[PDB]
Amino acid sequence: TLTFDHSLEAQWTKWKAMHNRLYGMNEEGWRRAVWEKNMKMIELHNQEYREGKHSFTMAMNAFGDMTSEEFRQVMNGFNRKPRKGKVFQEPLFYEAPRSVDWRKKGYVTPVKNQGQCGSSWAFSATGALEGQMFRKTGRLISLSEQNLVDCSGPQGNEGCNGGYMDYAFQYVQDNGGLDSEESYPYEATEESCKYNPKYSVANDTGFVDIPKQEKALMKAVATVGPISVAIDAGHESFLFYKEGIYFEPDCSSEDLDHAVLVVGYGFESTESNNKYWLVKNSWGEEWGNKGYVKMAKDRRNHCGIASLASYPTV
């Protein structure tokens, strides 16, 4: 789609080089038009942010030239049977703190990147299990999402098409283990099961589903550790989120399409609409705030953060 703002040429050339992009002549043209449309969308949003019209900023990242089909590959197809897990019982007399950050306590591995594969359910599951294994042993070991992708078909998952964290937790229970990231590295595609129990570094005894309430989620995060959740991530504002508390008016509490990990919660030093969930994504460190997003908290289950929350028991 020819016609380009050539004042973006230097940024476009740099962006292509930073993201290993090289196009023939026809593809160069329309990819550049998609990227420029997004650049201008981001720049306008941020201008509006500087005028106090949004709670968060946006930034160009690795999604800048993608088409709809490519976005869908980074979105979870999810097949929602009744949930089955044990029900989380709120500890009434535990006093949850005003702020939690499990990263700072050693529960959380570095940010990963699911690539062009609908495997966020697997990253969410490994993140929750990484946290529970650490709480149990004091050993932080990155776990194999590829193991889950290749092997948990029987439990109901569909590899890069999508899956559920509870199905992943069920697989680890049935299977008696899960291999380490180091032994079973991630390939961003579905392949034959290669689980080797000699390299298993995790186990689980089941899983717990949290009631669909932000209060219950807050108490779960405070008392358990990181929690697997699913959200409505299907908006440009999230795809190119940079910093701040994310609040998207068009967000749904019911229609979820992407799994993430809640590792904490807190508040901004200004005035209470100032609370947030601390959320680890699986879109690499280039996305968001070094791979993290602050999601609006206590704003009527914004983006469904409490609608599909669970954790494994170990």
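In this text, residue numbers run from 1 along the sequence as written.
- Count the deposited residues lacking coordinates between residue 78 and residue 79 and you get 1 to 3 of them.
- In the deposited sequence, the stretch from residue 272 to residue 273 hides 1 to 3 residues that have no coordinates.
- Relative to one another, 109 to 117 and 90 to 98 have unequal mean CA B-factors, and 90 to 98 is the one with the higher figure.
- For the pair 183 to 191 and 213 to 221, the record assigns the higher mean C-alpha temperature factor to 183 to 191.
- As recorded in the entry, 83 carries the highest CA temperature factor of 83, 242, 104, 135.
- Each of 70, 257, 48, 65 has a CA temperature factor in the record; the biggest one is found at 48.
- Among the modelled residues of its chain, residue 44 has a C-alpha B-factor that falls in the highest third according to the deposited record.
- Residue 164: CA B factor lies in the middle third for its chain, per the PDB record.
- In this PDB entry, the Cα temperature factor of residue 58 sits in the middle third of its chain's modelled residues.
- For residue 13, the recorded CA B-factor ranks within the lowest third of the chain. Only modelled residues enter the ranking.
- Ranked within its chain, residue 27 lands in the middle third, by CA B factor from the PDB record.
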